[PDB]
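Structure record follows, encoded as structure tokens.
Quick note: the coordinates plus some simple rules give every number you see, no bench work behind them. Cβ: placed from backbone, ideal geometry, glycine included. Neighbour counts: every protein chain shown.
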Amino acid sequence: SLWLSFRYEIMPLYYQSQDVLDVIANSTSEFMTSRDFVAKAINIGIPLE
Amino acid sequence: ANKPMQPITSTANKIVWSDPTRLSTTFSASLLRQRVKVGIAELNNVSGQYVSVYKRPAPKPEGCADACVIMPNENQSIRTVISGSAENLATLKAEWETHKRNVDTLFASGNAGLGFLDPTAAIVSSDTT
Amino acid sequence: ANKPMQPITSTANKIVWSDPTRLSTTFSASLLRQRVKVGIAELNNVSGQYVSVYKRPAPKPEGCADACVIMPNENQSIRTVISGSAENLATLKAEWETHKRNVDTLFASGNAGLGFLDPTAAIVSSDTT
Amino acid sequence: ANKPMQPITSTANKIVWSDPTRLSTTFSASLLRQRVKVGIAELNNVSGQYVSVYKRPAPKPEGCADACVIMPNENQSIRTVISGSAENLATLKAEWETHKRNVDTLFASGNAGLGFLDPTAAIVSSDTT
RNA sequence: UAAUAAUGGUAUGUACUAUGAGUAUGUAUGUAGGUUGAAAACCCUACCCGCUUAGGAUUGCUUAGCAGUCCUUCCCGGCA
């Protein structure tokens, strides 16, 4: 009975702790990206001769 | 020019505000979040319940704002409970001002505070044409 | 323009509006009047309840189910009850927008929507310097 | 200066400091807020509870110094309780200042700590001429 | 297939209270079956969903950068 009472006393903290803090940690990070392009010109010289 | 207040009780769930000048008035905010699968899919439901109470004694008999005539105090309590999915918070916000104006039209600008009711009052929804 | 909402059930106490296009959304505004005697003078007490409920289907998971199927609809509810005497609506109007401005900082501007408070918030009372 | 303490158990109505070097020494503050009704006036009362403890082995026998005298360690606790209406804090302070001087002339300068009481000790009230 | 139960739970509405979401109550306990009883159906079967175990998928392919998944097992949970 004492063990069960201690159980009932602690798991309020268990609920206040574990699921909430784990989901708080989980609610972080995700994939995203950005991109762009150009038609930049690269020139190589050739002598007129 | 509005006097601010400062917290009284600090908790992971509840924050109690109150004016140092007038301890009668207070504003507190407690919120509970629940881990829910409505359509066999997980949802982030957060239920933020807000209370704002002011003890304002204002019977003030006609034209008697004259002298040291104290009146007993009366309650003015405002209860708001907002619950919804955190993922849809952006549109949940959008619904929120619709609730503002809807109440404002029928009550703030309307005459529902006296206890009357107008079914013909303009009531509008969140979505647009 | 936002789509007008029309009543479905009218009563001396409760009026329930709904959108003709989609009647799932509702706005039920109930009233509840009682007689309160405090300062050897009966006062007119109104307990004005307002419930605004909107329904928006799913958080819409990407791909997979985006062909012809929708995950069951969720519920978004905002409940507001306004109490106090009817002899002093003028101050009740003033505090209501103050409550509106108070809730906005936590919800509309702050991150209280996602479920996280802010003890360093800046809220003010209805009264003014 | 002296050694500052850091709080080790914070709560909305319970804050306890203790010295990091000597964790035995403590200072606890408890505030109990309650609303009390007096004649035609609702009153907001607060009780200030303050406990200061210093654990200390008191007397060195005569005037030596040595290792094999580790005498029992005893306690020195000073508890102070303040109660009064919130808005009367302005005058609440002054009599507290009076309470300081009032016990000063009896204990700090008098032999009240020994166990003796002086009927002709100078005692004054908060009010002044 | 299954009964005794401790059925201390949860969610959703009701009346009171409320400077409280506290009190009590109805309803249901992911989806359907067997079953007396304590019909708030205790429990087992089957099907879905989310955990956990440690294994894998062409592991490379790509004139573009892929891809934020998939299958099995351990696996506990979505009324006790």
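The table below lists the values:
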quantity	calculated
Mean projection area, nm², convex hull over Cα of chain C	13.1
Across the identical copies, how the D:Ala121 labels are spaced - nm, sorted shortest first, 7 Å along Cα→Cβ	5.0, 6.8
Rotationally averaged projected area of the stretch C:75-125 (alpha carbon convex hull; nm²)	4.6
Inverse of mean 1/r across different Cα pairs in chain A, Kirkwood, Å	17.4
Between 0 and 90°, nearest 10: helix C:89-104 axis offset from chain C longest Cα axis	40
Amide H contacts under 5 Å for B:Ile8, placed H, 5+ residues apart	B:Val16, B:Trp17, B:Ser18
Principal axis box of the stretch D:7-64, alpha-carbon based, largest edge first, Å	67, 27, 7
Nearest 10 degrees, 0 to 90: helix A:2-26 Cα axis against chain A principal axis	10
Nearest-first distances (nm) between copies at B:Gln6, label 7 Å from Cα via Cβ	2.3, 5.6
15 Å Cα-Cα reach of B:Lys100 towards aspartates and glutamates, excluding residues that sit fewer than 8 places from it in its own chain	B:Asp127, C:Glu95, C:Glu97, C:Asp104
Separation of alpha-carbon centers, the stretch C:70-129 and the stretch D:55-129, rounded to whole Å	49
Reach of D:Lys60 by Cα under 28 Å, taken over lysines that are not fewer than 8 positions away in the same chain	D:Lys3
Amide proton proximity set for B:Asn88, modelled H, under 5 Å, gap of 5+	none
Shortest-first nm distances, C:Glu62 label point to equivalent points in other copies (7 Å, Cα→Cβ)	7.0, 8.8
Spread of Cα-to-Cα distances over 10 Å intervals beginning at zero, given as percent, for the protein assembly as shown	3, 13, 19, 19, 16, 12, 8, 5, 3, 1, 0, 0, 0
Estimated [θ] at 222 nm from DSSP helical runs (n ≥ 4, -39500 (n - 2.57)) normalised by residues in chain B, nearest 500	-4000 deg cm²/dmol
Average beta-carbon neighbours from other chains, 10 Å sphere, peptide B:27-36	4
